[PDB]
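Okay, so here's just one chain, in structure tokens, the form deposited in one PDB entry.
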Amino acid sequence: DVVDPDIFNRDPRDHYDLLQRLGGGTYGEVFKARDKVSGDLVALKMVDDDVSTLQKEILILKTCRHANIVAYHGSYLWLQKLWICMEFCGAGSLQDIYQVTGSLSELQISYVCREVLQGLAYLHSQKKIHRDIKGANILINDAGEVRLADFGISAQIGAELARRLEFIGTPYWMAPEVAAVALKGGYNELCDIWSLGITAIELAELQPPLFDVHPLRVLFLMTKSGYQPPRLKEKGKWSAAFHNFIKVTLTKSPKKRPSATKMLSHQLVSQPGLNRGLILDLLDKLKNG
């Protein structure tokens, strides 16, 4: 693969002024930027590995045109950096937000869950897996819209699915669980359903479950026999519908965990009363009081 034809071979700063760092992890920064001619605001993401495999994130975002997935504007290849130009979501991520406003209301969490689920149903119908669903990767814009973002790890999934079936060993002596991994990989899209369940707890309690425990310990625990799916800490603050939502999304067995589409029929996210005003309230609270 060579760099996608639609990518711009120029310096993004020829088109945009950089105003502020919006964050980004250890390896790449996201900038609030402004179009030098239009005056329109965008977000520029500046994303060893491989150029042709790193750009998979661009392809994913570019081929997504759904109201619950962050909108793609364009991409640049300049010197030692790949840039993604996307819609600027003014309130940033849900994590950015709740770190200021505190825990979300149940109705607000319900609304986020519904919108994430719609994004996930879209993605999964295209045989895409997000693989990194969490507060920090769900963005809110000024119109109170909920947008999935950060398809870096998703790009690793998509890259494997475009390629043929390659093997390590011989099947006849393989254990059935070795066979499954070798064939289908160790997981599928239903892993996003679990992550959403954890995200809902995160929005409710400002931390994912077991956050204070060493990561490697958590990883070892999750792989033990008899791992207990997480629950909401305070049982009284939340409705039975919410407890049930958490319960089924956090179904241990991938074969019995409900799909995004099935989850969209769950009572918690089909509540009459779920509306964008819930998010506009959050944005007001973020703004002032």
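Numbers for residues come from their place in the sequence shown, where the first is 1. In this text, rigid core is short for the largest set of C-alphas that superpose within 1.5 Å between two forms. Only residues modelled in both forms are compared.
Not on display, but discussed next: the form deposited in another entry.
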* After superposing on the rigid core, which residue among 53, 239, 228, 259 shows a C-alpha displacement of 2 Å or more between this form and the one not shown? -> 53
* For residue 215, is the CA shift between this form and the one not shown at least 2 Å following rigid-core superposition? -> no
* Asked: By the 2 angstroms cut-off, has the C-alpha of residue 169 moved between this form and the one not shown once the rigid core is superposed?
  -> yes
* Structure fact -> With the core held fixed, contiguous blocks of 3 or more residues moving 2 Å or more at C-alpha between this form and the one not shown run 48 to 58, 152 to 155, 161 to 166, 168 to 173
